[PDB]
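As structure tokens, the structure follows; a few thoughts come after it.
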Amino acid sequence: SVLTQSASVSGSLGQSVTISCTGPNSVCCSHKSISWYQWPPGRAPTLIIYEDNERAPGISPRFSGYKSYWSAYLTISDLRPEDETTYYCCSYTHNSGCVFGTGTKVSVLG
Amino acid sequence: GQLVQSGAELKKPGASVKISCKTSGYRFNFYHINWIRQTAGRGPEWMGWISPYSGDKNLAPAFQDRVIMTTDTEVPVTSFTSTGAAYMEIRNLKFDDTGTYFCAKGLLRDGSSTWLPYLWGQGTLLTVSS
Amino acid sequence: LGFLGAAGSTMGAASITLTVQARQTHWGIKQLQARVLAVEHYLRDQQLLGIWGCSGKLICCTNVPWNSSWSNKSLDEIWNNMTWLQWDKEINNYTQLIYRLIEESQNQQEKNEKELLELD
Amino acid sequence: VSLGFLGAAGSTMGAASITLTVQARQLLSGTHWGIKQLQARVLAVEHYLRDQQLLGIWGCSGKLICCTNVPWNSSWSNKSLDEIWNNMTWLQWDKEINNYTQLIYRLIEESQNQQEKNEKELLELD
Amino acid sequence: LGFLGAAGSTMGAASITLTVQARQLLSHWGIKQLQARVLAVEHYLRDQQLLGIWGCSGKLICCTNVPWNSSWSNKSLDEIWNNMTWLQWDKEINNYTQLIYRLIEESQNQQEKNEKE
Ligand SMILES: *[C@@H]1O[C@H](CO)[C@@H](O[C@@H]2O[C@H](CO)[C@@H](O[C@@H]3O[C@H](CO[C@H]4O[C@H](CO[C@H]5O[C@H](CO)[C@@H](O)[C@H](O)[C@@H]5O)[C@@H](O)[C@H](O[C@H]5O[C@H](CO)[C@@H](O)[C@H](O)[C@@H]5O)[C@@H]4O)[C@@H](O)[C@H](O[C@H]4O[C@H](CO)[C@@H](O)[C@H](O)[C@@H]4O[C@H]4O[C@H](CO)[C@@H](O)[C@H](O)[C@@H]4O)[C@@H]3O)[C@H](O)[C@H]2NC(C)=O)[C@H](O)[C@H]1NC(C)=O
Ligand SMILES: *[C@@H]1O[C@H](CO)[C@@H](O[C@@H]2O[C@H](CO)[C@@H](O[C@@H]3O[C@H](CO[C@H]4O[C@H](CO)[C@@H](O)[C@H](O[C@H]5O[C@H](CO)[C@@H](O)[C@H](O)[C@@H]5O)[C@@H]4O)[C@@H](O)[C@H](O[C@H]4O[C@H](CO)[C@@H](O)[C@H](O)[C@@H]4O)[C@@H]3O)[C@H](O)[C@H]2NC(C)=O)[C@H](O)[C@H]1NC(C)=O
Ligand SMILES: *[C@@H]1O[C@H](CO[C@@H]2O[C@@H](C)[C@@H](O)[C@@H](O)[C@@H]2O)[C@@H](O[C@@H]2O[C@H](CO)[C@@H](O[C@@H]3O[C@H](CO)[C@@H](O)[C@H](O)[C@@H]3O)[C@H](O)[C@H]2NC(C)=O)[C@H](O)[C@H]1NC(C)=O
Ligand SMILES: *[C@@H]1O[C@H](CO)[C@@H](O[C@@H]2O[C@H](CO)[C@@H](O[C@@H]3O[C@H](CO)[C@@H](O)[C@H](O)[C@@H]3O)[C@H](O)[C@H]2NC(C)=O)[C@H](O)[C@H]1NC(C)=O
Ligand SMILES: *[C@@H]1O[C@H](CO)[C@@H](O)[C@H](O)[C@H]1NC(C)=O
Ligand SMILES: *[C@@H]1O[C@H](CO)[C@@H](O)[C@H](O)[C@H]1NC(C)=O
Ligand SMILES: *[C@@H]1O[C@H](CO)[C@@H](O)[C@H](O)[C@H]1NC(C)=O
Ligand SMILES: *[C@@H]1O[C@H](CO)[C@@H](O)[C@H](O)[C@H]1NC(C)=O
């Protein structure tokens with residue numbers, strides 16, 4: 001859990017929501033890729049973003065990711081009630097395993 | 001594409017547990033199998049993966065001394081579909097090993113992210129008690 | 001590898017082997033038919049390449065845009081998650097359409113190149 | 001929107017140039033009976049290759065339209081480009097120069113061989 | 001001139017006539033006639049396939065990246081091009097011809113890998 005995320009991010013429906021993920025510069029994000037998951041409690045997770053730049057197959061266009069040397073982030077356009085779940089970032093390389101961060105919760109205002 | 005896991009089981013400390021993961025609807029040998037664990041005090045953690053094709057394994061140091069992975073030989077259904085199963089055994093269980101265990105299908109062949117999970121089983125619970 | 005050795009590999013992985021696969025009284029009558037048949041198939045493929053302007057190359061880029069109705073898959077989904085055998089099924093109803101579009105584009109390209117030369 | 005095979009035959013030469021691929025394709029595709037079918041298959045191959053043999057020699061292979069370095073002779077035709085391209089079918093044109101077709105072909109072949117000889121020499125000097 | 005009229009000429013002089021021989025490579029008893037017609041086609045295509053493999057298709061003269069091995073011949077270019085016929089030349093390297101052909105094919109394979117990048 002060397003990667004850290006804000007405990008929560010809030011916004012109104014239809015609002016853009018952005019989730020940051022950061023860590024030690026040896027971990028994030030040089031020579032590393034970030035994947036982003038939805039992980040509702042009591043249920044299997046769904047993967048939204050690969051390589052911190054691309055939507056996974058079956059994923060709606062409202063989701064996108066951005067990358068920088070110091071940090072990476074997930075942005076959710078058009079926030080909907082269905083998106084009010086726990087999210088996790090993960091660092092990975094082609095030669096190493098997944099390292100999950102602390103995670104965050106998205107909250108809908110209203 | 002679907003994965004099915006062994007149901008929840010109660011264990012005594014120091015006991016080993018084996019969890020099966022039956023698969024269907026896709027070629028078993030074409031994708032990595034990822035074992036993922038979730039514990040309330042730790043969150044999700046990667047336990048490692050095994051290739052069904054080569055038998056090659058990549059485990060975190062945390063699990064290298066405790067976890068053994070193996071797979072069944074695939075049985076074909078169509079030229080592009082097969083069935084089979086993955087198994088994992090955890091030795092010397094501790095109370096810290098309690099949590100939900102998931103089996104997941106690898107994303108793709110020949111990519112930069114081949115072993116990342118894409119499809120997940122529902123997952124099942126492991127409990128440890130005196 | 002060898003002839004068709006890449007068939008189970010992904011489409012992207014297979015691209016390295018195209019060079020390898022680019023290659024290749026009663027009984028006497030059957031051999032004559034066999035010889036003619038082998039020639040017809042060789043020339044059939046070369047006929048299309050010559051028309052497309054792709055002749056002499058294993059890989060030939062064209063000016064025809066991809067239509068998403070032929071496939072909605074991303075490049076990573078196609079090149080790294082599929083065999084050529086699987087891909088051939090997905091576009092089986094569009095293959096002839098694509099071929100005609102390549103041919104039309106080639107004729108327009110050459111017409112334009114002729115006109116550029118006429119102006120010099 | 002295609003006119004179909006030979007649909008351009010009645011068109012002007014300039015218009016016909018749009019449809020060259022229609023004609024180029026299907027040159028190969030379109031017991032007593034058994035031998036006749038075999039002869040038909042061999043003949044179609046010889047026909048196709050005959051034209052390709054000339055194109056490969058001319059350096060025109062792989063192209064639908066191939067410009068050359070051989071000058072037009074007014075004795076072959078005295079017509080202006082508009083008189084040819086906008087006022088004639090290819091059928092009419094072939095008849096007009098039917099006696100010069102082989103003469104032109106030999107001149108193209110000679111020019112190609114000299115061109116390649118010169119290209120080699122230019123590379124040898126580098 | 002004429003078909004093979006250059007055969008006794010120097011290799012350099014002969015090169016002016018390559019098109020003369022390049023053309024006319026094409027053009028019960030019904031079976032016998034077909035076998036000959038197919039044979040003429042197969043030989044024509046055999047040579048064309050080699051040119052396609054070598055990357056020389058469509059060219060009468062084709063330069064390659066394969067270096068000349070002096071063991072195949074130690075003769076100077078002036079001695080070869082102006083003091084020999086092609087008939088004599090083929091005899092001198094008749095035992096190395098298949099080796100040279102394989103080397104050209106290998107060189108093209110390396111070139112194709114580079115063009116892909
Ligand atoms: C039949 O189908 C199966 C379906 O899976 C095919 O298998 C798939 O094959 C591809 C390769 O073609 C694999 O992708 C690559 O995986 C490596 C990581 O590999 C892990 O396993 C290695 C062992 O297994 C492989 O090799 C054996 C043979 O030895 C095969 O039998 C297997 O099938 C596998 O191919 C192991 O050696 C690796 O070690 C690394 O990690 C361990 C961890 O503990 C370390 O100790 C090691 O030191 C080492 O670091 C590893 O455990 C990835 O690295 C590859 O990524 C590179 O290539 C990608 C594609 O180009 C690229 O996108 C990436 O960015 C990355 O690029 C780097 O490497 C390239 C190659 O060298 C360079 O060109 C590039 O410049 C850059 O440097 C890649 O993801 C699939 O994982 C594998 N799938 C499965 C399920 O196993 C199989 O090949 C088919 N068979 C045939 C004949 O077609
Ligand atoms: C069979 O044989 C016939 C006869 O030879 C071929 O027909 C010829 O086809 C060519 C194709 O390019 C024609 O060339 C063009 O001619 C038109 C002439 O204008 C006339 O035709 C129009 C047809 O749609 C018509 O709309 C015009 O009249 C209407 O509109 C005007 C203007 O508003 C109005 O005033 C009238 O009252 C009408 O309402 C008019 O009758 C010309 O306009 C074209 O110009 C364009 O294309 C050329 C070439 O690219 C270009 O240079 C120009 O700049 C412009 O872009 C063009 O010149 C030719 O006229 C036809 N000949 C005849 C006798 O009709 C036919 O194609 C052959 N068939 C086959 C299968 O080969
Ligand atoms: C790699 O490819 C697999 C398989 O895809 C199948 O085979 C390919 C070669 C192509 O021919 C595809 O057109 C073909 O479908 C991908 O997995 C597939 O994903 C889809 C969803 O996108 C699965 O179907 C869904 O299943 C869920 C189950 O809950 C339903 O809710 C959905 O409605 C839908 O039916 C499909 O089952 C699954 N594989 C197979 C064999 O069906 C895989 O995603 C792909 N990898 C990547 C990175 O693209
Ligand atoms: C048949 O063989 C004879 C003898 O080898 C060939 O004769 C040679 O022909 C060439 C021209 O094709 C002559 O070349 C010229 O020589 C003069 C000097 O004499 C030079 O100034 C020119 O620039 C050019 O090089 C060559 O001299 C001549 N050799 C002799 C001994 O006379 C003949 O050409 C052959 N025929 C064919 C069709 O190959
Ligand atoms: C894709 O094909 C359809 C076929 O009806 C066509 O309408 C559409 O314009 C095509 N798209 C592009 C970008 O050419
Ligand atoms: C192509 O047509 C066949 C029926 O001829 C159909 O079974 C197949 O699914 C079609 N392919 C696509 C991609 O629609
Ligand atoms: C043009 O043709 C005449 C014969 O009609 C010929 O004598 C003359 O050399 C030709 N011109 C060219 C440049 O070929
Ligand atoms: C071709 O030559 C013949 C005489 O051999 C002559 O009758 C005919 O008109 C010529 N054709 C043309 C198009 O000049």
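Read the figures in this text as sums done on the coordinates, not as results from a lab. So basically every Cβ, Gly included, is an ideal-geometry build from the backbone, and we count neighbours across all protein chains shown.
Reported value for the protein assembly as shown: 271 Å³ per residue, from the convex hull of its C-alpha atoms. For the residue pairs D:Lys95/E:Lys32; D:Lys63/D:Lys117; D:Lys63/E:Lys116; C:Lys111/E:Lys59; C:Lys73/E:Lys116, the C-alpha atoms sit more than 29 angstrom apart in D:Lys95/E:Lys32. In plain terms, the residue of C:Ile78, E:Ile93 with the fewest other Cβ atoms within 10 Å comes first and the most crowded comes last, giving E:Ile93, C:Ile78. Only one residue of E:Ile93, E:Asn83, E:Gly5 has its Cα farthest out toward the positive end of the dipole of chain E, where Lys and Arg carry +1 and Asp and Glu -1 on Cβ, and that residue is E:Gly5. Report the residue, chosen from A:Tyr69, A:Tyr37, A:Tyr88, that carries the largest GNM mean-square fluctuation when chain A is represented by alpha-carbon nodes joined by springs under 10 Å. Among A:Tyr69, A:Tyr37, A:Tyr88, the largest mean-square fluctuation in the Gaussian network model of chain A belongs to A:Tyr69. Selection among A:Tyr92, A:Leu47, A:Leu79 by position relative to the dipole of chain A gives A:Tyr92 as farthest towards the positive end (Cβ unit charges, Cα centre).
Calculate the length of the line joining the C-alpha centroid of the range D:85-103 to that of the range A:1-70, in whole Å. Centre-to-centre (Cα) distance: 70 Å.
Think of each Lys and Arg Cβ as +1 and each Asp and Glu Cβ as -1; about the Cα centre, that makes the dipole of the protein assembly as shown roughly 2040 debye. Dipole of the protein assembly as shown computed with +1 at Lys/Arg Cβ and -1 at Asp/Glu Cβ about the Cα centre; of A:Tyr66, C:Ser74, B:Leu107, farthest Cα towards the positive end is B:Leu107. Ratio of Rg to Rh for chain A, alpha carbon only, Kirkwood? Dividing the radius of gyration by the Kirkwood radius yields 0.95. Loop-resident chymotrypsin sites (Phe, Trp or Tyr not before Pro) (DSSP state other than H, G, I, E or B) in the range C:41-120 with no more than 12 further Cβ atoms inside 10 Å of their Cβ: C:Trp66.
In terms of overall dimensions, chain B has a Cα radius of gyration and Dmax of 14.5, 49 angstrom.
At what distance in angstrom do the alpha carbon centres of the range D:23-71 and the range B:25-40 lie from each other? Centre-to-centre (Cα) distance: 56 Å. Annotation note: trypsin sites (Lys or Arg not before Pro) in the range A:13-110 located in DSSP loop regions with a Cβ neighbour count of at most 13 within 10 Å are A:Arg43. Computed over neighbours whose Cβ is under 14 Å from that of D:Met88, the net charge equals -2, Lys and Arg +1, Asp and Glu -1. In terms of packing, defined here as the mean over residues of other Cβ atoms within 10 angstrom, the peptides D:56-64, D:12-20 line up highest first as D:56-64, D:12-20. Charged neighbours of A:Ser16, selected by a Cβ distance under 11 Å, balance to 0 (K, R count +1; D, E count -1). Evaluated with a Cβ-only charge set (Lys, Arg +1; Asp, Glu -1), chain D carries a dipole of roughly 660 debye about its Cα centre, given to the nearest 20. Remark: chain A carries a charge dipole of roughly 100 debye about the Cα centre, counting +1 on each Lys and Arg Cβ and -1 on each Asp and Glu Cβ.
With the simple spin-label model, which puts each label point 7 Å out from Cα in the Cβ direction, the C:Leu119 to A:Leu109 separation comes to 5.8 nm.
Sort by residue number and report every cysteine in chain E with no other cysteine beta carbon within a distance under 4.7 Å. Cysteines lacking a close Cβ partner in chain E: E:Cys63. Mean per-residue shielding of peptide B:71-81 is 1, counting Cβ atoms of other chains within 10 Å of each Cβ.
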